[PDB]
Amino acid sequence: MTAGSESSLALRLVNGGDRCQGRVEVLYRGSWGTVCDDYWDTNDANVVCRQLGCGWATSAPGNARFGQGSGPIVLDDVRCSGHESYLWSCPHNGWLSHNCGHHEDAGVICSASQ
Ligand SMILES: [Ca+2]
Ligand SMILES: [Ca+2]
Ligand SMILES: [Ca+2]
């Protein structure tokens, strides 16, 4: 990952009750995209929760549980071991390499969420 994208990458959870649950969105090339729910699981969620300082994964809802996003779908088939420090450190399909719709946008509920 080039130094420049590494500097600008960012993760957020949107449309939930607080910052520690919601639809997963990732900042790629200066635009916020969503993550497809294919093979999305608590291991992926766990990386997200820990990265955000949100504790550990409670659950990893697919099927746009927190609503459909509108950006590009930037991540798909995410295969986190659960140990990685950043979601972009997980194996995945490649940026923008998806076969999804926004009705599949992945979500997370973390243990620090209230
Ligand atoms: Ca799916
Ligand atoms: Ca996974
Ligand atoms: Ca897929």
# chains A, B, ... in the order shown; residues from 1 in each chain; ligands from 1

call {"tool": "residues_around", "arguments": {"residues": "residue A:112", "least_positions_apart": "5", "cutoff": "10 Å", "atoms": "only C-alpha atoms", "output": "VMD selection string"}}
result
chain A and resid 18 to 21 49 53 to 58

call {"tool": "closest_atom_pairs", "arguments": {"of": "stretch 10-49 of chain A", "to": "stretch 64-80 of chain A", "cutoff": "8 Å", "atoms": "only C-alpha atoms", "output": "CSV"}}
result
residue,atom,partner,partner_atom,distance
A:14,CA,A:66,CA,7.7
A:15,CA,A:66,CA,6.0
A:16,CA,A:66,CA,6.5
A:22,CA,A:66,CA,5.7
A:23,CA,A:66,CA,5.3
A:26,CA,A:74,CA,7.5
A:28,CA,A:74,CA,7.3
A:31,CA,A:71,CA,7.6
A:32,CA,A:71,CA,6.1
A:33,CA,A:71,CA,4.7
A:34,CA,A:73,CA,4.7
A:35,CA,A:75,CA,4.7
A:36,CA,A:76,CA,4.9
A:37,CA,A:76,CA,7.1
A:38,CA,A:77,CA,5.2
A:39,CA,A:77,CA,5.5
A:40,CA,A:78,CA,6.2
A:43,CA,A:80,CA,5.9
A:44,CA,A:80,CA,5.0
A:47,CA,A:80,CA,7.4

call {"tool": "closest_residue", "arguments": {"among": "A:113, A:46, A:63, A:2", "to": "residue A:90", "atoms": "only C-alpha atoms"}}
result
A:46

call {"tool": "closest_residue", "arguments": {"among": "A:111, A:17, A:95, A:106", "to": "residue A:5", "atoms": "only C-alpha atoms"}}
result
A:95

call {"tool": "select_by_dssp", "arguments": {"residues": "chain A", "states": "helix (DSSP H, G or I)", "output": "PyMOL selection string"}}
result
chain A and resi 3-8+42-52+87-89+102-104

call {"tool": "write_last_selection", "arguments": {"atoms": "N, CA, C and O atoms", "output": "short mmCIF file (atom, residue, chain, number, x, y, z; two decimals), in the first residue's frame"}}
result
data_model
loop_
_atom_site.label_atom_id
_atom_site.label_comp_id
_atom_site.auth_asym_id
_atom_site.auth_seq_id
_atom_site.Cartn_x
_atom_site.Cartn_y
_atom_site.Cartn_z
N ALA A 3 2.55 4.94 0.34
CA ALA A 3 2.64 5.72 1.56
C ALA A 3 1.46 6.69 1.64
O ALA A 3 0.90 6.86 2.73
N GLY A 4 1.07 7.26 0.49
CA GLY A 4 0.05 8.30 0.43
C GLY A 4 -1.35 7.80 0.79
O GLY A 4 -2.09 8.44 1.54
N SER A 5 -1.73 6.62 0.26
CA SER A 5 -3.07 6.05 0.58
C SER A 5 -3.04 5.53 2.01
O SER A 5 -4.00 5.73 2.73
N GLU A 6 -1.93 4.95 2.40
CA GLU A 6 -1.77 4.57 3.79
C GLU A 6 -2.00 5.75 4.74
O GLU A 6 -2.57 5.59 5.82
N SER A 7 -1.55 6.96 4.37
CA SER A 7 -1.73 8.12 5.24
C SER A 7 -3.19 8.56 5.31
O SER A 7 -3.62 9.10 6.32
N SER A 8 -3.96 8.36 4.24
CA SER A 8 -5.26 8.98 4.15
C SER A 8 -6.39 7.99 4.44
O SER A 8 -7.53 8.40 4.63
N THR A 42 -17.65 -12.09 12.26
CA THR A 42 -17.21 -11.43 13.48
C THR A 42 -15.69 -11.24 13.52
O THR A 42 -15.23 -10.35 14.22
N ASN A 43 -14.91 -12.06 12.78
CA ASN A 43 -13.48 -11.85 12.69
C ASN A 43 -13.20 -10.51 12.01
O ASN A 43 -12.42 -9.71 12.53
N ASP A 44 -13.90 -10.22 10.90
CA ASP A 44 -13.74 -8.93 10.22
C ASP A 44 -14.20 -7.81 11.15
O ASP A 44 -13.53 -6.78 11.32
N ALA A 45 -15.35 -8.03 11.80
CA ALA A 45 -15.93 -7.06 12.72
C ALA A 45 -14.94 -6.75 13.85
O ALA A 45 -14.83 -5.61 14.31
N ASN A 46 -14.25 -7.78 14.32
CA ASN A 46 -13.32 -7.64 15.44
C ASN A 46 -12.18 -6.68 15.10
O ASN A 46 -11.81 -5.84 15.91
N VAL A 47 -11.64 -6.81 13.87
CA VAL A 47 -10.61 -5.89 13.40
C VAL A 47 -11.16 -4.47 13.42
O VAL A 47 -10.51 -3.55 13.91
N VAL A 48 -12.40 -4.30 12.93
CA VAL A 48 -13.02 -2.99 12.88
C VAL A 48 -13.14 -2.42 14.28
O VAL A 48 -12.85 -1.25 14.50
N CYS A 49 -13.71 -3.20 15.20
CA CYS A 49 -13.94 -2.72 16.55
C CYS A 49 -12.63 -2.29 17.21
O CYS A 49 -12.56 -1.24 17.85
N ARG A 50 -11.59 -3.13 17.10
CA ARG A 50 -10.32 -2.83 17.75
C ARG A 50 -9.65 -1.59 17.15
O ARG A 50 -9.14 -0.75 17.89
N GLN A 51 -9.60 -1.49 15.81
CA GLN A 51 -9.11 -0.31 15.09
C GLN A 51 -9.75 0.97 15.62
O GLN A 51 -9.09 2.01 15.73
N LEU A 52 -11.06 0.94 15.87
CA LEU A 52 -11.80 2.14 16.23
C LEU A 52 -11.68 2.47 17.71
O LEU A 52 -12.17 3.50 18.14
N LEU A 87 -8.61 -2.74 8.96
CA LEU A 87 -9.43 -3.52 8.04
C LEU A 87 -8.73 -3.69 6.70
O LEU A 87 -8.80 -4.75 6.09
N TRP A 88 -7.98 -2.66 6.28
CA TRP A 88 -7.28 -2.69 5.00
C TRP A 88 -6.05 -3.59 5.06
O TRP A 88 -5.43 -3.83 4.02
N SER A 89 -5.72 -4.10 6.25
CA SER A 89 -4.62 -5.03 6.41
C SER A 89 -5.11 -6.46 6.19
O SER A 89 -4.28 -7.32 5.96
N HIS A 102 -25.81 -2.33 -2.79
CA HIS A 102 -25.77 -1.68 -1.49
C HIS A 102 -26.72 -2.31 -0.47
O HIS A 102 -26.53 -2.15 0.74
N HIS A 103 -27.69 -3.10 -0.94
CA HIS A 103 -28.51 -3.92 -0.05
C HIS A 103 -27.69 -4.99 0.68
O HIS A 103 -28.22 -5.63 1.60
N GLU A 104 -26.42 -5.16 0.32
CA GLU A 104 -25.49 -6.07 0.96
C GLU A 104 -24.46 -5.36 1.86
O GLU A 104 -23.53 -6.01 2.36
#

call {"tool": "select_by_dssp", "arguments": {"residues": "stretch 1-87 of chain A", "states": "strand (DSSP E)", "output": "ChimeraX atom specification"}}
result
/A:10-14,21-28,31-35,57-59,73-75

call {"tool": "closest_residue", "arguments": {"among": "A:11, A:24, A:96, A:110", "to": "ligand 3", "atoms": "only C-alpha atoms and all ligand atoms"}}
result
A:96

call {"tool": "closest_residue", "arguments": {"among": "A:1, A:100, A:10, A:27", "to": "ligand 3", "atoms": "only C-alpha atoms and all ligand atoms"}}
result
A:100

call {"tool": "closest_residue", "arguments": {"among": "A:62, A:9, A:41, A:107", "to": "ligand 1", "atoms": "only C-alpha atoms and all ligand atoms"}}
result
A:62

call {"tool": "decode", "arguments": {"residues": "stretch 29-45 of chain A", "atoms": "N, CA, C and O atoms", "output": "PDB file, in the first residue's frame"}}
result
ATOM      1  N   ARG A  29      -9.195   6.710  -1.733  1.00  0.00           N
ATOM      2  CA  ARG A  29      -8.939   7.776  -2.694  1.00  0.00           C
ATOM      3  C   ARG A  29      -9.801   9.013  -2.406  1.00  0.00           C
ATOM      4  O   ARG A  29     -10.334   9.635  -3.321  1.00  0.00           O
ATOM      5  N   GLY A  30      -9.949   9.358  -1.119  1.00  0.00           N
ATOM      6  CA  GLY A  30     -10.652  10.568  -0.721  1.00  0.00           C
ATOM      7  C   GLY A  30     -12.178  10.479  -0.778  1.00  0.00           C
ATOM      8  O   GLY A  30     -12.843  11.462  -0.488  1.00  0.00           O
ATOM      9  N   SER A  31     -12.739   9.303  -1.084  1.00  0.00           N
ATOM     10  CA  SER A  31     -14.185   9.119  -1.077  1.00  0.00           C
ATOM     11  C   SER A  31     -14.568   7.966  -0.155  1.00  0.00           C
ATOM     12  O   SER A  31     -13.875   6.957  -0.124  1.00  0.00           O
ATOM     13  N   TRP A  32     -15.703   8.112   0.537  1.00  0.00           N
ATOM     14  CA  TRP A  32     -16.209   7.088   1.443  1.00  0.00           C
ATOM     15  C   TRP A  32     -16.961   6.016   0.660  1.00  0.00           C
ATOM     16  O   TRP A  32     -17.904   6.350  -0.062  1.00  0.00           O
ATOM     17  N   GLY A  33     -16.522   4.746   0.792  1.00  0.00           N
ATOM     18  CA  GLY A  33     -17.260   3.646   0.218  1.00  0.00           C
ATOM     19  C   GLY A  33     -17.716   2.644   1.269  1.00  0.00           C
ATOM     20  O   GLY A  33     -17.336   2.731   2.438  1.00  0.00           O
ATOM     21  N   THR A  34     -18.504   1.664   0.820  1.00  0.00           N
ATOM     22  CA  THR A  34     -19.083   0.689   1.716  1.00  0.00           C
ATOM     23  C   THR A  34     -18.376  -0.645   1.511  1.00  0.00           C
ATOM     24  O   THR A  34     -17.492  -0.780   0.674  1.00  0.00           O
ATOM     25  N   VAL A  35     -18.735  -1.604   2.352  1.00  0.00           N
ATOM     26  CA  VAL A  35     -18.098  -2.903   2.329  1.00  0.00           C
ATOM     27  C   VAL A  35     -19.187  -3.943   2.071  1.00  0.00           C
ATOM     28  O   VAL A  35     -20.187  -3.996   2.786  1.00  0.00           O
ATOM     29  N   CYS A  36     -18.960  -4.852   1.125  1.00  0.00           N
ATOM     30  CA  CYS A  36     -19.965  -5.845   0.848  1.00  0.00           C
ATOM     31  C   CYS A  36     -19.954  -6.905   1.947  1.00  0.00           C
ATOM     32  O   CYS A  36     -18.902  -7.186   2.514  1.00  0.00           O
ATOM     33  N   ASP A  37     -21.125  -7.492   2.216  1.00  0.00           N
ATOM     34  CA  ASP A  37     -21.284  -8.444   3.295  1.00  0.00           C
ATOM     35  C   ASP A  37     -20.879  -9.884   2.937  1.00  0.00           C
ATOM     36  O   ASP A  37     -21.046 -10.764   3.780  1.00  0.00           O
ATOM     37  N   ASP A  38     -20.315 -10.151   1.741  1.00  0.00           N
ATOM     38  CA  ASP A  38     -19.949 -11.499   1.341  1.00  0.00           C
ATOM     39  C   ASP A  38     -18.777 -11.986   2.209  1.00  0.00           C
ATOM     40  O   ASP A  38     -17.727 -11.343   2.212  1.00  0.00           O
ATOM     41  N   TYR A  39     -19.003 -13.074   2.971  1.00  0.00           N
ATOM     42  CA  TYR A  39     -18.001 -13.665   3.864  1.00  0.00           C
ATOM     43  C   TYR A  39     -17.644 -12.664   4.964  1.00  0.00           C
ATOM     44  O   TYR A  39     -16.585 -12.747   5.552  1.00  0.00           O
ATOM     45  N   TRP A  40     -18.557 -11.743   5.263  1.00  0.00           N
ATOM     46  CA  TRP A  40     -18.390 -10.791   6.355  1.00  0.00           C
ATOM     47  C   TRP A  40     -18.845 -11.468   7.641  1.00  0.00           C
ATOM     48  O   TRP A  40     -19.954 -12.026   7.714  1.00  0.00           O
ATOM     49  N   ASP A  41     -17.984 -11.411   8.660  1.00  0.00           N
ATOM     50  CA  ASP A  41     -18.176 -12.215   9.866  1.00  0.00           C
ATOM     51  C   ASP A  41     -17.568 -11.485  11.070  1.00  0.00           C
ATOM     52  O   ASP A  41     -17.035 -10.392  10.925  1.00  0.00           O
ATOM     53  N   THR A  42     -17.648 -12.094  12.258  1.00  0.00           N
ATOM     54  CA  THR A  42     -17.209 -11.434  13.478  1.00  0.00           C
ATOM     55  C   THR A  42     -15.689 -11.243  13.519  1.00  0.00           C
ATOM     56  O   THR A  42     -15.233 -10.346  14.217  1.00  0.00           O
ATOM     57  N   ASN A  43     -14.915 -12.060  12.785  1.00  0.00           N
ATOM     58  CA  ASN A  43     -13.476 -11.852  12.685  1.00  0.00           C
ATOM     59  C   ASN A  43     -13.203 -10.515  12.007  1.00  0.00           C
ATOM     60  O   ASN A  43     -12.418  -9.710  12.534  1.00  0.00           O
ATOM     61  N   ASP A  44     -13.899 -10.222  10.896  1.00  0.00           N
ATOM     62  CA  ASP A  44     -13.741  -8.929  10.216  1.00  0.00           C
ATOM     63  C   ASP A  44     -14.199  -7.806  11.150  1.00  0.00           C
ATOM     64  O   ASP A  44     -13.532  -6.777  11.321  1.00  0.00           O
ATOM     65  N   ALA A  45     -15.348  -8.031  11.803  1.00  0.00           N
ATOM     66  CA  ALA A  45     -15.926  -7.060  12.722  1.00  0.00           C
ATOM     67  C   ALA A  45     -14.941  -6.748  13.852  1.00  0.00           C
ATOM     68  O   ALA A  45     -14.830  -5.606  14.308  1.00  0.00           O
TER      69      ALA A  45
END
